[PDB]
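Structure 1 and structure 2, given next as structure tokens, are two forms of the same protein chain, each shown alone.
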Structure 1
């Protein structure tokens, strides 16, 4: 018998364990390590941020001041694994965060929560 796919959980490990990371996201002064190619494949806003020759591409660093780190952390979990286990607590902000970074499925997952 064939095991369930494991893509999500394995990718999840890269973010959890910070393996082979290539950029730094400073969120309200908290530095987080991540991977350009993965943010880019999942969010066209991240993708455009890394593609151009702007301060973020040059320094491999993003300064994010409008997202709370717990909320940012849930957004990142979604980016890498497609899941957001803690969504119910911050559904309000996460939805605002999802919409800013064009994470479409996440924006709808959130909307489902706000309908209750």
Structure 2
């Protein structure tokens, strides 16, 4: 009988970030400044949480330098922190995975693992496994290994797989060990 309207939590918090209201800290990524809210970031990221709890000296002035991350990628990570969503994840899923790994955002990591799995191809599968091992992406590592074994004939004939034999021989090991 009664129609309850759809929850707007995620979008109202997305509003805070977008219009910079009641902010209390500043994040500087390649010279760009972004105001944010410590409590939210801390609640969503163990890395941010410990930074703000143990690691800022007052002379930083609630102000965090970000060296590890491209601006566009950082915006998306932050859109995720505030809203649970990442609408442009497909255009940047490798760098976003790296960012989510560095800020220990588990779910975003897995969202990236999902996108990348759907893009597994003969030509990119070695690259994707490297990435996944690099970034502690377990489901994606497993999927890449399986994709490599189901397609081993075509995959062995790729420059990417050849490159990898030299560059990361232990991955070749683990994949063979998948017997």
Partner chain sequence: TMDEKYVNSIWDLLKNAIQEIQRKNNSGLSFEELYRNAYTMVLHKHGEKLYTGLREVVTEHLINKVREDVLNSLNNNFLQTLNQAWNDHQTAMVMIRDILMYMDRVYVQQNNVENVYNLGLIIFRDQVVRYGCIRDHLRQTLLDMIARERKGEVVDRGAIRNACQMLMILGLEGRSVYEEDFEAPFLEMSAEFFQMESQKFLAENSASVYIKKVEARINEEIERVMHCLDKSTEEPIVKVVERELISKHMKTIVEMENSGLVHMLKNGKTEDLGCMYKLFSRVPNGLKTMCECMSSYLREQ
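Positions refer to the first chain, counted from 1. Shifts are known only where both forms have a C-alpha. So that the term is clear: the rigid core is the largest set of C-alpha atoms that superpose within 1.5 Å between two forms.
Structure 2 derives from the form solved without its partner chain, whereas structure 1 comes from the other one. With the rigid core aligned between the two structures, the listed residues 86, 57, 47, 33 include just one Cα displaced by at least 2 Å, namely that of 57.
Taking the core as reference, the C-alpha deviation of residue 110 between the two structures is 0.3 Å. Here the two forms are laid over each other by their core, and the C-alpha of residue 66 is off by 1.2 Å between the two structures. Listed alone, 53-58 marks the only place where three or more consecutive residues have CA shifts of 2 Å or more between the two structures on superposition of the core.
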